[PDB]
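Student: Take this structure first; my questions come after.
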Amino acid sequence: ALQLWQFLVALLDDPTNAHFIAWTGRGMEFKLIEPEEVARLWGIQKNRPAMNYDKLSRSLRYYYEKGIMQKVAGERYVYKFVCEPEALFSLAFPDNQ
């Protein structure tokens with residue numbers, strides 16, 4: 001039941017992953033340094049060997065359209081988590097509401 005956003009946070013928490021995904025240091029902003037590597041690891045997590053970044057980025061778009069993330073303008077692979085009351089509810093309850 002692991003959400004993509006949770007998987008990304010697990011990768012981001014470990015600084016030894018910073019060569020493919022990293023917190024940028026600007027608040028809750030993060031960068032996919034190697035987008036296809038992030039997607040490969042997500043495919044391993046989900047046992048979906050045909051995973052790729054095209055597919056993973058659909059979920060990033062679903063998250064930013066819902067206001068749980070925002071896509072950073074002028075960047076291709078930079079996103080941020082939203083720090084707002086309503087977004088926190090969604091993060092607290094991915095499986096039941």
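A note on labels: chains of the structure tokens are A, B, ... as shown, every chain counts residues from 1, and ligands are counted from 1 in their shown order.
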Write out as a JSON list (two decimals) with N, CA and C atoms, in the first residue's frame each polymer residue whose atoms come within 7 Å of segment 7-20 of chain A, counting only C-alpha atoms; drop sequence neighbours fewer than 4 positions from it.

Tutor:
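Dumped to selection-v6.json:
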```json
[["chain", "number", "residue", "atom", "x", "y", "z"],
["A", 2, "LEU", "N", 2.17, 1.07, -0.13],
["A", 2, "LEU", "CA", 3.11, 2.19, -0.09],
["A", 2, "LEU", "C", 2.82, 3.17, -1.22],
["A", 3, "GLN", "N", 2.62, 4.44, -0.86],
["A", 3, "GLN", "CA", 2.43, 5.50, -1.84],
["A", 3, "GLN", "C", 3.76, 5.86, -2.47],
["A", 32, "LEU", "N", 14.83, 15.15, -8.58],
["A", 32, "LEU", "CA", 15.14, 13.84, -9.14],
["A", 32, "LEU", "C", 16.36, 14.02, -10.03],
["A", 33, "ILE", "N", 17.53, 13.70, -9.47],
["A", 33, "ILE", "CA", 18.78, 13.90, -10.19],
["A", 33, "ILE", "C", 18.93, 12.88, -11.31],
["A", 34, "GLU", "N", 18.49, 11.65, -11.07],
["A", 34, "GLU", "CA", 18.48, 10.59, -12.08],
["A", 34, "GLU", "C", 17.07, 10.04, -12.15],
["A", 37, "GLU", "N", 16.54, 6.32, -12.77],
["A", 37, "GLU", "CA", 16.99, 5.47, -11.67],
["A", 37, "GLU", "C", 15.95, 5.43, -10.55],
["A", 38, "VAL", "N", 15.37, 6.59, -10.22],
["A", 38, "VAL", "CA", 14.27, 6.60, -9.25],
["A", 38, "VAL", "C", 13.14, 5.70, -9.71]]
```

Student: For residue 4 of chain A, please output as a PDB file with N, CA and C atoms, in the first residue's frame all residues within 10 Å (counting only C-alpha atoms; exclusion window: fewer than 6 positions along the same chain).

Tutor:
```pdb
ATOM      1  N   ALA A  10      11.280   8.045   1.732  1.00  0.00           N
ATOM      2  CA  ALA A  10      12.254   7.074   2.232  1.00  0.00           C
ATOM      3  C   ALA A  10      13.596   7.209   1.519  1.00  0.00           C
ATOM      4  N   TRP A  42      11.564   2.330  -7.962  1.00  0.00           N
ATOM      5  CA  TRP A  42      10.133   2.204  -7.705  1.00  0.00           C
ATOM      6  C   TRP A  42       9.586   0.924  -8.329  1.00  0.00           C
ATOM      7  N   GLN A  45      10.479  -1.838  -6.013  1.00  0.00           N
ATOM      8  CA  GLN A  45       9.615  -1.804  -4.837  1.00  0.00           C
ATOM      9  C   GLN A  45       8.255  -2.430  -5.119  1.00  0.00           C
ATOM     10  N   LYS A  46       7.692  -2.163  -6.294  1.00  0.00           N
ATOM     11  CA  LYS A  46       6.342  -2.581  -6.633  1.00  0.00           C
ATOM     12  C   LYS A  46       6.296  -3.858  -7.455  1.00  0.00           C
ATOM     13  N   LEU A  56       6.041   7.045 -13.653  1.00  0.00           N
ATOM     14  CA  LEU A  56       6.165   7.621 -12.320  1.00  0.00           C
ATOM     15  C   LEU A  56       5.728   9.081 -12.316  1.00  0.00           C
ATOM     16  N   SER A  59       2.131  10.080 -11.567  1.00  0.00           N
ATOM     17  CA  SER A  59       1.752  10.192 -10.165  1.00  0.00           C
ATOM     18  C   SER A  59       2.218  11.505  -9.560  1.00  0.00           C
ATOM     19  N   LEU A  60       3.415  11.975  -9.926  1.00  0.00           N
ATOM     20  CA  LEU A  60       3.824  13.304  -9.473  1.00  0.00           C
ATOM     21  C   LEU A  60       2.818  14.357  -9.910  1.00  0.00           C
ATOM     22  N   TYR A  63      -0.244  14.207  -7.806  1.00  0.00           N
ATOM     23  CA  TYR A  63       0.015  14.837  -6.517  1.00  0.00           C
ATOM     24  C   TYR A  63      -0.008  16.357  -6.611  1.00  0.00           C
TER      25      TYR A  63
END
```

Student: As a list in words, please: the residues near residue 50 of chain A (cut-off 10 Å, only C-alpha atoms, same-chain neighbours under 5 positions excluded).

Tutor: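 Close residues of residue 50 of chain A: residues 39, 40, 43, 44 and 55 of chain A.
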
Student: Store the residues picked out above, limited to N, CA, C and O atoms, as a CSV table (one decimal), in the first residue's frame.

Tutor:
```csv
chain,number,residue,atom,x,y,z
A,39,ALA,N,12.8,5.8,-11.0
A,39,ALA,CA,11.7,4.9,-11.5
A,39,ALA,C,12.1,3.5,-11.5
A,39,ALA,O,11.3,2.6,-11.2
A,40,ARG,N,13.4,3.1,-11.8
A,40,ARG,CA,13.8,1.7,-11.7
A,40,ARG,C,13.6,1.2,-10.3
A,40,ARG,O,13.1,0.1,-10.1
A,43,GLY,N,10.0,0.6,-9.5
A,43,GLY,CA,9.6,-0.7,-10.1
A,43,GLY,C,10.1,-1.9,-9.3
A,43,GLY,O,9.3,-2.9,-9.2
A,44,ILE,N,11.2,-1.8,-8.7
A,44,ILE,CA,11.7,-2.9,-7.8
A,44,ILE,C,10.8,-3.0,-6.6
A,44,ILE,O,10.3,-4.1,-6.2
A,55,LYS,N,5.9,6.9,-16.5
A,55,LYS,CA,4.8,6.4,-15.6
A,55,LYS,C,4.9,7.0,-14.3
A,55,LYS,O,3.8,7.5,-13.7
```

Student: Residues near residue 82 of chain A, anyone? I mean within 10 Å using only C-alpha atoms, not counting same-chain ones fewer than 3 positions away, as a PyMOL selection string.

Tutor: chain A and resi 27-29+64+67-70+79+85-88+91

Student: Run DSSP on the backbone of this structure and report the residues of chain A it assigns to helix (DSSP H, G or I), as an mmCIF file with C-alpha atoms, in the first residue's frame.

Tutor:
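And here is the file that came out, states_10.cif:
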```
data_model
loop_
_atom_site.group_PDB
_atom_site.id
_atom_site.type_symbol
_atom_site.label_atom_id
_atom_site.label_comp_id
_atom_site.auth_asym_id
_atom_site.auth_seq_id
_atom_site.Cartn_x
_atom_site.Cartn_y
_atom_site.Cartn_z
ATOM 1 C CA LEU A 4 4.930 6.828 -4.347
ATOM 2 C CA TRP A 5 5.280 9.931 -2.167
ATOM 3 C CA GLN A 6 6.231 7.775 0.824
ATOM 4 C CA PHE A 7 8.741 5.809 -1.239
ATOM 5 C CA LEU A 8 10.309 9.073 -2.396
ATOM 6 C CA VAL A 9 10.526 10.324 1.199
ATOM 7 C CA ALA A 10 12.254 7.074 2.232
ATOM 8 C CA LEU A 11 14.830 7.583 -0.532
ATOM 9 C CA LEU A 12 15.221 11.288 0.317
ATOM 10 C CA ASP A 13 15.766 10.630 4.022
ATOM 11 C CA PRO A 15 21.703 11.074 2.062
ATOM 12 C CA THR A 16 23.623 8.181 0.498
ATOM 13 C CA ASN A 17 20.978 8.338 -2.275
ATOM 14 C CA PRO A 35 14.761 10.277 -12.899
ATOM 15 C CA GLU A 36 15.008 6.876 -14.606
ATOM 16 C CA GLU A 37 16.988 5.469 -11.666
ATOM 17 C CA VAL A 38 14.274 6.605 -9.250
ATOM 18 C CA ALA A 39 11.725 4.935 -11.521
ATOM 19 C CA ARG A 40 13.794 1.738 -11.683
ATOM 20 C CA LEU A 41 13.888 1.554 -7.884
ATOM 21 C CA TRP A 42 10.133 2.204 -7.705
ATOM 22 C CA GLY A 43 9.641 -0.669 -10.147
ATOM 23 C CA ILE A 44 11.669 -2.915 -7.841
ATOM 24 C CA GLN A 45 9.615 -1.804 -4.837
ATOM 25 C CA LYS A 46 6.342 -2.581 -6.633
ATOM 26 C CA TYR A 53 9.871 7.790 -15.399
ATOM 27 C CA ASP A 54 7.048 8.514 -17.852
ATOM 28 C CA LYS A 55 4.806 6.375 -15.643
ATOM 29 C CA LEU A 56 6.165 7.621 -12.320
ATOM 30 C CA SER A 57 5.757 11.252 -13.388
ATOM 31 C CA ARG A 58 2.024 10.672 -13.919
ATOM 32 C CA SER A 59 1.752 10.192 -10.165
ATOM 33 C CA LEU A 60 3.824 13.304 -9.473
ATOM 34 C CA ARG A 61 1.342 15.203 -11.634
ATOM 35 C CA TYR A 62 -1.608 13.679 -9.766
ATOM 36 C CA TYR A 63 0.015 14.837 -6.517
ATOM 37 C CA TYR A 64 0.607 18.393 -7.685
ATOM 38 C CA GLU A 65 -2.837 18.711 -9.256
ATOM 39 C CA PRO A 85 -3.115 21.937 6.976
ATOM 40 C CA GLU A 86 -5.167 20.353 4.198
ATOM 41 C CA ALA A 87 -2.211 18.627 2.527
ATOM 42 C CA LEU A 88 -1.123 17.196 5.884
ATOM 43 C CA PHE A 89 -4.474 15.420 6.228
ATOM 44 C CA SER A 90 -3.894 13.706 2.871
ATOM 45 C CA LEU A 91 -0.377 12.692 3.929
ATOM 46 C CA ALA A 92 -1.695 11.388 7.268
#
```

Student: Counting only C-alpha atoms, figure out which residue out of A:31, A:94, A:49, A:1 gets nearest to residue 77 of chain A.

Tutor: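 Smallest separation from residue 77 of chain A among the options: A:31.
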
Student: In Å, how far is it from atom CA of residue 72 of chain A to atom CA of residue 84 of chain A?

Tutor: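 These two atoms are separated by 16.7 Å.
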
Student: Could you check which of A:26, A:21, A:93, A:51 is closest to residue 81 of chain A, using only C-alpha atoms?

Tutor: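 That would be A:26, the residue with the smallest distance to residue 81 of chain A.
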
Student: Can you pull out every residue from chain A that DSSP, working from the backbone, puts in strand (DSSP E), and format the result as a list in words?

Tutor: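 So the strand (DSSP E) residues in chain A would be residues 21, 22, 23, 29, 30, 31, 32, 69, 70, 71, 78, 79, 80 and 81 of chain A.
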